[PDB]
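Structure, as structure tokens:
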Amino acid sequence: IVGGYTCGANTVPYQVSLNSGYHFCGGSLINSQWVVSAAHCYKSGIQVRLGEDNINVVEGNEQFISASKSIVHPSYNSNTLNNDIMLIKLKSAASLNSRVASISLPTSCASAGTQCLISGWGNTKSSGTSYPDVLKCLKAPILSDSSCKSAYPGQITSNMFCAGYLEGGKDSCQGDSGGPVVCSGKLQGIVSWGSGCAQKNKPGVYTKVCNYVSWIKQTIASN
Ligand SMILES: [Ca+2]
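Numbering-wise (our numbering), the sequence shown opens with residue 44 and increments by one.
What follows is the structure, given as structure tokens:
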């Protein structure tokens, strides 16, 4: 997250870190057994880390649970990033509490202008590199589909939306991928892609979760 703030420990209780020896992507806890992330984050050998603030220090509220299964969306295209969503099942159920909590799925799509919370452990610099230990947060609005398409000609599908600031300076970034965009208490987006980070006229692009609720629910119900 570039241009954001320190969230505070366990203030974003649905945020998870995906770990394969090292943090590599975010995700969102949607029930005791299942995490939502980006398909481009797929790899084997995932350990889900819940209850994290500093990802390099054991602070006392963590739950580390290995994934048993991951399910990339059936129509994910890694070239275009269309349908950049995947589900990860935990080998054992998380113990839900005030600091480890699921986030609700939306019932309707969000609108441009809605303010959302974007979070992660990704790069905090737009020109260099600096990776934080503690969770960072950014409040940002959803942008109009016409502004989004104009920013990224030929690249924005109906399964994507833009959020952020056209002036630059405030965005998600590498290492935030897979993490949440939460608006009014609902998971509306997944950190997906962008041109660099925090660049003028190049807002963040997010997977549009509302399009996937029926796939998420039916997949969980049979897996
Ligand atoms: Ca920790």
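The beta carbon of each residue, even a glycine, is placed where N, CA and C say it ideally should be.
- Along the region 157-211, the alpha helix (DSSP H) occurs as fully enclosed runs of 4 or more residues at 188-194, listed in sequence order.
- Within the model, the alpha-carbon separation for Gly218 versus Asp96 is close to 15 Å.
- Taking C-beta atoms under 8 Å as the contact rule, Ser173 and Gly239 fail to qualify, at a distance of about 15 Å.
- Membership of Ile131 in any alpha helix (DSSP H) is not indicated; the residue belongs instead to the beta strand (DSSP E) covering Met129 to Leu133.
- Inclusion of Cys180 and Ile44 in the CB contact set at 8 Å is warranted, their separation being smaller than that value.
- Taking the C-beta atoms as reference points, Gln106 is found nearer than 8 Å to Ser138.
- In this structure, the alpha-carbon of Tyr255 lies about 29 Å from that of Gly211.
- Its Cα nearest to that of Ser121, the residue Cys84 stands out among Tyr48, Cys84 and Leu148.
- Out of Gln76, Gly228, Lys260 and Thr123, the CA that lies nearest to the CA of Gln158 is found in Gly228.
- Cα atoms of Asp176 and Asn99: separation of roughly 6 Å, rounded to the nearest angstrom.
- For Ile108, the secondary structure class from DSSP, reduced to helix, strand or coil, is strand.
- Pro184 and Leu124 have their alpha carbons spaced roughly 22 Å apart.
- For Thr123, the three-state secondary structure derived from DSSP is coil.
- Less than 8 Å divides the Cβ of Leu148 from the Cβ of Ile259.
- For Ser60, the enclosing beta strand (DSSP E) has its first and last residue at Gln58 to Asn62.
- In the DSSP annotation of this structure, the continuous segment of the alpha helix (DSSP H) that includes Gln261 starts and ends at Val256 to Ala264.
- As far as DSSP is concerned, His116 takes part in no beta bridge.
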